[PDB]
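Taking it in order: structure first as structure tokens, then the write-up.
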Amino acid sequence: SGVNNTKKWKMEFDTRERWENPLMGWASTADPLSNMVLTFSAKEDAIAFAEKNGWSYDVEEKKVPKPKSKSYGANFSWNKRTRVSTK
Amino acid sequence: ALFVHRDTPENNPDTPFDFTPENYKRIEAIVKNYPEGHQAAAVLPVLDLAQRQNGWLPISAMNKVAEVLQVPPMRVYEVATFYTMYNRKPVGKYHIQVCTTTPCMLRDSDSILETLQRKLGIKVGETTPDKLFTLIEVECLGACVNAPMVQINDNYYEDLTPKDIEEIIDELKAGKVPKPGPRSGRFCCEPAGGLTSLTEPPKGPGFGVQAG
Amino acid sequence: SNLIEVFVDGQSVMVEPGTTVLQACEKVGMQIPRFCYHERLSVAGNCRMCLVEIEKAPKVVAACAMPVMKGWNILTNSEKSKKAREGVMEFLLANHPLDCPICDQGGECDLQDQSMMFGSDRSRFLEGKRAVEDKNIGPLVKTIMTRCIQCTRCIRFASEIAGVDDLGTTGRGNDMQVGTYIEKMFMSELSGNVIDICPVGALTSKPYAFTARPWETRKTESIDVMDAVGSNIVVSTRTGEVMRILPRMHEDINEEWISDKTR
Amino acid sequence: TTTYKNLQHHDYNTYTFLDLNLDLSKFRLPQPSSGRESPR
Amino acid sequence: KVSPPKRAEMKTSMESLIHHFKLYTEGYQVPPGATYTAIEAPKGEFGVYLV
Amino acid sequence: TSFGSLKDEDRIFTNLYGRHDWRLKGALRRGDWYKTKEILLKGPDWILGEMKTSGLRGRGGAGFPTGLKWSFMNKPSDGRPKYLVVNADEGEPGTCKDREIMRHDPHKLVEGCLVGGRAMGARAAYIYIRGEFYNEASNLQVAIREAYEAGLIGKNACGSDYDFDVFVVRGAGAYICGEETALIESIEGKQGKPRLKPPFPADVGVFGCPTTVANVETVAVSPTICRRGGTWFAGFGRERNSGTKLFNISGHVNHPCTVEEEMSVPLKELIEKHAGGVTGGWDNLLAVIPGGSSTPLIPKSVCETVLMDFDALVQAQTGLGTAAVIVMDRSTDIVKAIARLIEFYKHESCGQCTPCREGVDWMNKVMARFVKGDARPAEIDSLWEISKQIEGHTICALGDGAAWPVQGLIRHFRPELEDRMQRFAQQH
Ligand SMILES: Cc1cc2nc3c(=O)[nH]c(=O)nc-3n(C[C@H](O)[C@H](O)[C@H](O)COP(=O)(O)O)c2cc1C
Ligand code: SF4
Ligand code: SF4
Ligand code: SF4
Ligand code: FES
Ligand code: FES
């Protein structure tokens, strides 16, 4: 339920082949540029950083959760339909 | 004790149990004891109504309650795993549960436990081969004053000596329920040889009316 | 305008009524620990870990439930709001079976941290733990209910998001144990979401039983298929392979979770 | 009086209690309704 | 949280197990900050600008 | 003053341990149902008016003020009815008081559900009760039918507009159901799992409807405290702690009793005057309890000068709850006893709060090791420290009832434990 990994603007890159090393069973690659996390602080700065190196950025926006009303007593209504069971 | 089912044959959800129609007619009094909605609230006496038609509430009888009430079956077990008054295991005829908390312990209930244990075979919490007595070490019973204390499925025997327990059980095996009540003569909770509070005929009606 | 002055170490916040202390403190960032609470399930203070000293009070309040009135100043890092936690986590960790390396949820435990972040170093518990029987729900969901923490965060899923009412709480005391009283299989839609919910690794997914460990994953965010909802997903890789399916939070599609088929 | 006049609690069966409320439903008024039949 | 516990003590006392499971995976979780330490090794002012 | 005698004219729960028609036709003989008409018709706000002037505080564990508690719902309509509830569940080890007032004067109880029901404004009262009290509770429905036969309840409170009924509900033997709220959920037909208290019972309770969770004394006193007190009744006890009280005594005594006196009497006289003195003498009386069980100990160093006020005892570090007095003499294993109380709460608590599932059971194991003495002493102040980790960390005040028996045991009898630490230490 912890959410500190949010508040940031990681800019990982796409993935490419990860073949199986036929000797050991190991996994190996060609693209060194795959494990390339980068922590930013605002989206307006990220595009400025990637455009500054010409890379075809592809943004996804924030997904803010709503502020929800959760009233404990409404679990225990006379009229209504939220009458919980098992306390 | 284990608080979960193990679908034995004698305790499977197809055993013979069903409320006699006298008992159905007792339900609709209890569901008109509680409002139209919230008819799922009668679970305590209703499920206890089966306890009195028979001990050892089977899995099937619990599931019957859901049928009369259309409550989820799981919400039946929740109650029956919780309260100690009910009985899910095959119990005896008498269910002689006893206090062992401090004031009744302090008044030598262990001897009442020994004399009772010494003469039946049941250590603490199991049956006789006759299926009559199922001793239980329970904790309090409300009558903490009349200090030694037991219970016979609804009754109350109190102020009972180690000698008096022998007097009891010699009757129950081949007799009747021998007068639920205290010994040493104290009526309910008299001061045991001389009463001191009332000592008079109380005041009749309208004594001390504050001008209403 | 239906807003209430509320204080958090001096903040001048304004919040709608009927809001907890969390929904206030969550604005700023004073993220409070959580075991009984989810942002979508009913409220029930059973864990009693979200405690805090409201200013000018001898008693603390379960912030999961206590709404927020005018003029209230909170002290999240008080001595009394940490003593209230170092004790609690030092209670939970007295019947828990030390199975972290066994546990499916190594880095995905919301208890290991919250014993580190706020729990103490030492478990003075030295008497002897308890045990609990293991269950046989089904092939999707393993059960280790020796480490269940009586949080009620599962049984309030079936009863308010899937409509089943079978995973009751059986018993009392430490002797209490969640699970059916009987031997029934909870193989219905959304039954797999219960794994993401149990923060403890008590119950967890049999397919991803032990195939991996979460820090090892390289997580890629992608979309459901196989139903026309097009809900969202977190995919878990390991060395160019696949091990889990996990959901993202979009507030419109599904809400937070997925169905067992695409899991 | 020095005689125990609560004597009439020994000769009760296990059904005696609820058998009384079987009678009481006639002495009683009708009850509310939550609109619903139950929480369904 | 800053040192691993006694190996006989991680093996019964729960909390010492969890820290042992997170020290050797995650670790200390330092605060942000910065230093320039120093020490005269045989060479001289060996020091670290850990950030 | 030097009160404590209570000339028997002011016995309020007469036929306490007695006879002579507990049934109807003889409760009327004692003074009951007499002026219920204008007691009822005059008004609710008048009744809550007088009860506050009566200085009648709680009679369960908290001693909370009435009037206040009931005036929390004198509200106008909201859409759904107003109920009333009674803790006929005695509970504690020592409280037999409500195994007695039920029989021997049931009608007085019935008044308060009726009178107090309109003094708040209600529709119908439910009496949960301990599911062991079968023949006990059976005495009620006999009394309650005859009420309806007398036209006293049902469309007509003695011939008035305030329709009302007195339904009774049977528990299943659980001390937590004696609590204010899980009671409501037990009555609701669920596990006895309590609630949290921004939704007070007066805003939402049984059936999602508001309630007044009274106890037996606070209501059975209502008829003959409102027609015969309000200012007179206040003269008894003391200023905050005014009234009378159905005390009860058990343990290491000649004649244990259920006596009631002018409240806040000094503790010594309750063992001297009534309920004849402890066995042996007064080098005996090792570690009394004033309250039932959720109150701490008292080491006889104060038990001379005790004054049984709720609040003067808070200098004594106890809080008078049910006032089910327990007494202990010299020749005892006290740590066996006080540990049984944690063996009691272990078998008992609902198992919902984290620091009661495994705080109580945790203390159970520790004290159980102290009785044998094969522990070590450094726990003795740790075990204190955890007792403080449960005070304000639990839904219901059981934790306050499960901690204080220990803290009081430790506030005085630290060294008695230190001996057993040495006695075993000799045994390797
Ligand atoms: C664990 C626990 C058990 C309790 N059991 C009872 C009980 O059995 N009977 C009772 O009257 N009160 C019991 N109480 C106290 C009730 O809250 C109290 O009786 C009730 O609030 C009535 O308050 P009053 O005295 O103002 O009427 C219990 C409290 C706790 C914490
Ligand atoms: S739930 Fe699993 S990972 Fe978390 S503390 Fe318990 S055993 Fe360790
Ligand atoms: S199984 Fe998990 S979610 Fe369910 S009660 Fe136990 S700890 Fe909570
Ligand atoms: S303190 Fe114990 S008995 Fe009271 S609500 Fe919490 S778990 Fe239940
Ligand atoms: S303590 Fe023995 S009956 Fe209550
Ligand atoms: S996290 Fe708030 S009471 Fe559980």
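Letters A, B, ... go to the chains of the structure tokens in the order shown; residues in each chain start at 1; ligands are counted from 1 in the same order.
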
Where does chain B meet chain C within 7 Å, residue by residue, with the nearest atom pair and distance in Å to one decimal for each, counting only C-alpha atoms, listed by chain and rising number, as a tab-separated table?
residue	atom	partner	partner_atom	distance
B:3	CA	C:171	CA	6.2
B:4	CA	C:181	CA	4.5
B:5	CA	C:182	CA	4.9
B:72	CA	C:165	CA	6.4
B:74	CA	C:166	CA	5.2
B:77	CA	C:181	CA	6.5
B:78	CA	C:170	CA	5.6
B:81	CA	C:171	CA	5.0
B:82	CA	C:171	CA	5.1

Next, dump the selected residues to file, keeping only N, CA and C atoms, as a compact mmCIF listing (two decimals), in the first residue's frame.
# COMPACT_ATOMS: atom_id res chain seq x y z
N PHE B 3 -12.57 -25.02 15.79
CA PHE B 3 -13.14 -23.88 15.08
C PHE B 3 -13.08 -24.06 13.57
N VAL B 4 -13.18 -25.29 13.09
CA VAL B 4 -13.31 -25.54 11.66
C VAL B 4 -13.79 -26.96 11.45
N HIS B 5 -14.45 -27.19 10.32
CA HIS B 5 -15.18 -28.41 10.06
C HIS B 5 -14.26 -29.44 9.43
N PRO B 72 -26.41 -15.48 4.30
CA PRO B 72 -25.31 -16.30 3.85
C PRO B 72 -24.98 -17.37 4.87
N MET B 74 -22.16 -18.63 5.66
CA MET B 74 -20.95 -18.34 6.41
C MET B 74 -21.23 -17.43 7.59
N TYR B 77 -21.78 -19.48 10.81
CA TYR B 77 -20.68 -20.09 11.54
C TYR B 77 -19.93 -19.06 12.35
N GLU B 78 -19.85 -17.84 11.82
CA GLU B 78 -19.22 -16.72 12.51
C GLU B 78 -19.73 -16.57 13.92
N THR B 81 -18.85 -20.07 15.91
CA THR B 81 -17.46 -20.21 16.30
C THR B 81 -17.09 -19.26 17.43
N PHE B 82 -17.97 -18.32 17.75
CA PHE B 82 -17.60 -17.21 18.61
C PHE B 82 -18.06 -17.42 20.04

>> Please identify all residues of chain A having at least one atom at most 10 Å from any atom of chain D, considering only C-alpha atoms, and return them as a ChimeraX atom specification.
In response: /A:77-85

> If you count only C-alpha atoms and all ligand atoms, which residues end up within 8 Å of ligand 4, as a ChimeraX atom specification?
Replying inline: /C:46,173 /F:176,182,192-195,348-357,394-399

>> I'd like the neighbourhood of stretch 48-64 of chain A as a PyMOL selection string, where a residue qualifies if any of its atoms comes within 9 Å (using only C-alpha atoms), though same-chain residues fewer than 3 positions away should be ignored.
In response: (chain A and resi 43-45) or (chain C and resi 249-251)

Okay, now the selection with C-alpha atoms, as a PDB file, in the first residue's frame?
ATOM      1  CA  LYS A  43       7.172  16.257 -16.565  1.00  0.00           C
ATOM      2  CA  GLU A  44       7.895  19.650 -18.115  1.00  0.00           C
ATOM      3  CA  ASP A  45      11.594  18.986 -17.482  1.00  0.00           C
TER       4      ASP A  45
ATOM      5  CA  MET C 249      -4.503   2.160 -10.913  1.00  0.00           C
ATOM      6  CA  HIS C 250      -6.665   3.950 -13.424  1.00  0.00           C
ATOM      7  CA  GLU C 251      -9.698   5.460 -11.771  1.00  0.00           C
TER       8      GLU C 251
END

> What residues in chain C have any atom no more than 9 Å from chain A when counting only C-alpha atoms, and can you write them as a PyMOL selection string?
Replying inline: chain C and resi 17-20+23+31+33-35+38-44+64-67+110+155-156+159-160+165+168-169+197+199+218+239-241+249-251

Selected residues written out with N, CA, C and O atoms, as a compact mmCIF listing (two decimals), in the first residue's frame:
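And here is the file that came out, out-v3.txt:
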# COMPACT_ATOMS: atom_id res chain seq x y z
N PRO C 17 -16.03 17.79 4.68
CA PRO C 17 -16.38 17.05 5.89
C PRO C 17 -16.52 15.57 5.58
O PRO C 17 -16.49 15.13 4.43
N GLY C 18 -16.68 14.80 6.64
CA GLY C 18 -16.78 13.36 6.50
C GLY C 18 -15.49 12.74 6.03
O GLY C 18 -15.48 11.58 5.60
N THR C 19 -14.39 13.48 6.11
CA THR C 19 -13.08 12.99 5.71
C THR C 19 -12.30 12.57 6.93
O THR C 19 -12.35 13.22 7.98
N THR C 20 -11.56 11.50 6.78
CA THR C 20 -10.67 11.02 7.80
C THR C 20 -9.53 11.99 8.01
O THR C 20 -9.39 13.01 7.33
N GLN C 23 -7.16 11.22 4.73
CA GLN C 23 -7.46 11.99 3.53
C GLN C 23 -7.01 13.44 3.65
O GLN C 23 -6.83 14.11 2.63
N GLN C 31 2.03 10.20 5.06
CA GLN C 31 1.41 8.93 4.75
C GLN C 31 1.48 8.07 6.00
O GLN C 31 2.56 7.86 6.55
N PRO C 33 0.91 4.62 8.28
CA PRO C 33 0.85 3.17 8.09
C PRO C 33 -0.57 2.64 8.05
O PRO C 33 -1.53 3.31 8.45
N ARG C 34 -0.69 1.42 7.54
CA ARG C 34 -1.98 0.86 7.17
C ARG C 34 -1.88 -0.65 7.18
O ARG C 34 -0.95 -1.21 6.59
N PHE C 35 -2.79 -1.29 7.87
CA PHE C 35 -3.02 -2.71 7.66
C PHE C 35 -4.49 -3.05 7.53
O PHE C 35 -4.84 -3.92 6.73
N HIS C 38 -7.94 0.04 3.28
CA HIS C 38 -7.66 0.20 1.88
C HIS C 38 -8.42 1.43 1.44
O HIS C 38 -9.38 1.85 2.09
N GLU C 39 -8.00 1.99 0.33
CA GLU C 39 -8.63 3.20 -0.14
C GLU C 39 -10.00 2.95 -0.75
O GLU C 39 -10.71 3.91 -1.07
N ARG C 40 -10.43 1.69 -0.87
CA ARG C 40 -11.64 1.32 -1.58
C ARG C 40 -12.54 0.38 -0.82
O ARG C 40 -13.71 0.23 -1.20
N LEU C 41 -12.05 -0.26 0.22
CA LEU C 41 -12.81 -1.20 1.01
C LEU C 41 -13.41 -0.45 2.18
O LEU C 41 -13.04 0.68 2.48
N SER C 42 -14.37 -1.10 2.84
CA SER C 42 -14.99 -0.46 3.97
C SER C 42 -13.97 -0.21 5.07
O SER C 42 -12.89 -0.80 5.10
N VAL C 43 -14.32 0.69 5.95
CA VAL C 43 -13.45 1.07 7.04
C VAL C 43 -13.67 0.12 8.19
O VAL C 43 -14.81 -0.23 8.53
N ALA C 44 -12.59 -0.30 8.82
CA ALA C 44 -12.68 -1.14 9.99
C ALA C 44 -11.36 -1.05 10.73
O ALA C 44 -10.35 -1.53 10.22
N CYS C 64 -7.97 5.97 10.58
CA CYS C 64 -8.76 5.36 9.53
C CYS C 64 -10.22 5.73 9.63
O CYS C 64 -10.91 5.82 8.60
N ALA C 65 -10.71 5.96 10.84
CA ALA C 65 -12.13 6.13 11.11
C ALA C 65 -12.48 7.49 11.66
O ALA C 65 -13.55 8.01 11.37
N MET C 66 -11.61 8.06 12.47
CA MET C 66 -11.90 9.32 13.10
C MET C 66 -12.02 10.40 12.04
O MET C 66 -11.02 10.71 11.38
N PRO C 67 -13.18 11.01 11.84
CA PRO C 67 -13.24 12.12 10.90
C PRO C 67 -12.51 13.31 11.46
O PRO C 67 -11.93 13.23 12.54
N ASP C 110 4.05 -5.33 2.90
CA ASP C 110 3.74 -4.06 3.52
C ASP C 110 3.78 -4.16 5.03
O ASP C 110 3.08 -3.41 5.72
N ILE C 155 -11.85 -10.44 3.75
CA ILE C 155 -13.27 -10.74 3.94
C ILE C 155 -14.18 -9.57 3.61
O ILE C 155 -15.37 -9.77 3.36
N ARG C 156 -13.66 -8.36 3.59
CA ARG C 156 -14.41 -7.20 3.18
C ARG C 156 -14.26 -6.90 1.70
O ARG C 156 -14.80 -5.90 1.22
N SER C 159 -17.32 -9.30 0.27
CA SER C 159 -18.61 -8.83 0.74
C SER C 159 -19.00 -7.48 0.18
O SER C 159 -20.14 -7.06 0.37
N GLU C 160 -18.07 -6.78 -0.48
CA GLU C 160 -18.34 -5.45 -1.00
C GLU C 160 -17.81 -5.21 -2.39
O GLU C 160 -18.04 -4.12 -2.93
N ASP C 165 -19.47 -13.65 0.41
CA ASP C 165 -19.73 -13.85 1.83
C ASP C 165 -19.48 -15.31 2.24
O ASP C 165 -20.39 -16.04 2.63
N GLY C 168 -15.33 -15.92 6.13
CA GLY C 168 -15.55 -15.34 7.43
C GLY C 168 -14.36 -15.48 8.36
O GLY C 168 -13.36 -16.12 8.07
N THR C 169 -14.50 -14.83 9.52
CA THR C 169 -13.54 -14.93 10.61
C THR C 169 -14.05 -15.88 11.69
O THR C 169 -15.05 -15.60 12.35
N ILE C 197 -4.23 -7.92 -2.12
CA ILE C 197 -4.82 -7.24 -0.99
C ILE C 197 -4.18 -7.66 0.32
O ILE C 197 -3.83 -6.81 1.13
N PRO C 199 -1.63 -7.90 2.57
CA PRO C 199 -0.29 -7.33 2.51
C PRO C 199 0.75 -8.30 2.99
O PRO C 199 1.90 -8.28 2.52
N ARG C 218 11.73 -6.58 -13.71
CA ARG C 218 11.80 -5.39 -14.54
C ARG C 218 10.37 -5.13 -15.01
O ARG C 218 9.89 -5.79 -15.93
N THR C 239 14.61 -11.63 -16.70
CA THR C 239 15.62 -12.10 -17.65
C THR C 239 14.98 -12.42 -18.99
O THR C 239 15.25 -13.45 -19.61
N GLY C 240 14.13 -11.52 -19.45
CA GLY C 240 13.48 -11.69 -20.73
C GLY C 240 12.38 -12.74 -20.72
O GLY C 240 12.17 -13.40 -21.74
N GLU C 241 11.70 -12.91 -19.60
CA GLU C 241 10.62 -13.87 -19.46
C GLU C 241 9.46 -13.19 -18.77
O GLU C 241 9.43 -11.96 -18.64
N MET C 249 -3.40 1.35 -11.40
CA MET C 249 -4.50 2.16 -10.91
C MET C 249 -4.85 3.16 -11.99
O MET C 249 -4.11 4.13 -12.22
N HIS C 250 -5.96 2.92 -12.68
CA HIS C 250 -6.66 3.95 -13.42
C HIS C 250 -8.04 4.05 -12.80
O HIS C 250 -8.67 3.04 -12.51
N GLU C 251 -8.51 5.28 -12.58
CA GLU C 251 -9.70 5.46 -11.77
C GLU C 251 -10.99 5.11 -12.50
O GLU C 251 -12.03 5.03 -11.85

> Mind checking DSSP for stretch 20-244 of chain C and telling me the helix (DSSP H, G or I) residues as an MDAnalysis selection string?
Replying inline: chainID C and resid 22:28 83:86 89:92 112:116 155:162 193:197 214:216

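Excluding stretch 5-16 of chain D itself and same-chain residues fewer than 2 positions from it, the residues having an atom within 8 Å of it are residues 52, 154, 179 and 180 of chain B; 3, 18, 19 and 20 of chain D; 18, 19, 20, 21, 22, 103, 104, 135, 136, 138 and 139 of chain F, counting only C-alpha atoms.
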
Could you save the residues just selected, with C-alpha atoms, as a PDB file, in the first residue's frame?
ATOM      1  CA  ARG B  52     -32.602 -26.845  22.622  1.00  0.00           C
ATOM      2  CA  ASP B 154     -29.782 -23.835  32.249  1.00  0.00           C
ATOM      3  CA  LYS B 179     -33.363 -28.240  43.280  1.00  0.00           C
ATOM      4  CA  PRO B 180     -31.211 -25.637  41.518  1.00  0.00           C
TER       5      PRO B 180
ATOM      6  CA  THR D   3     -39.714 -17.919  53.347  1.00  0.00           C
ATOM      7  CA  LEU D  18     -39.380 -18.663  24.204  1.00  0.00           C
ATOM      8  CA  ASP D  19     -42.833 -20.171  24.744  1.00  0.00           C
ATOM      9  CA  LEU D  20     -43.664 -16.897  26.500  1.00  0.00           C
TER      10      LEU D  20
ATOM     11  CA  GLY F  18     -35.888 -11.331  49.427  1.00  0.00           C
ATOM     12  CA  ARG F  19     -39.307 -12.766  48.920  1.00  0.00           C
ATOM     13  CA  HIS F  20     -42.997 -11.747  48.935  1.00  0.00           C
ATOM     14  CA  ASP F  21     -44.116 -11.682  45.326  1.00  0.00           C
ATOM     15  CA  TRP F  22     -41.307 -10.606  43.072  1.00  0.00           C
ATOM     16  CA  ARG F 103     -35.863 -11.608  39.762  1.00  0.00           C
ATOM     17  CA  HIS F 104     -37.033 -10.237  43.107  1.00  0.00           C
ATOM     18  CA  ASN F 135     -34.366 -19.074  34.613  1.00  0.00           C
ATOM     19  CA  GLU F 136     -33.259 -15.577  35.562  1.00  0.00           C
ATOM     20  CA  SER F 138     -37.512 -16.305  32.450  1.00  0.00           C
ATOM     21  CA  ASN F 139     -38.618 -14.274  35.464  1.00  0.00           C
TER      22      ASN F 139
END

>> Which residues are near ligand 2 in this structure, taking near to mean any atom at most 9 Å from a ligand atom and counting only C-alpha atoms and all ligand atoms? Format them as a PyMOL selection string.
In response: (chain C and resi 93+96-113+115+147-149+198-202) or (chain E and resi 14-15+17-18+21)
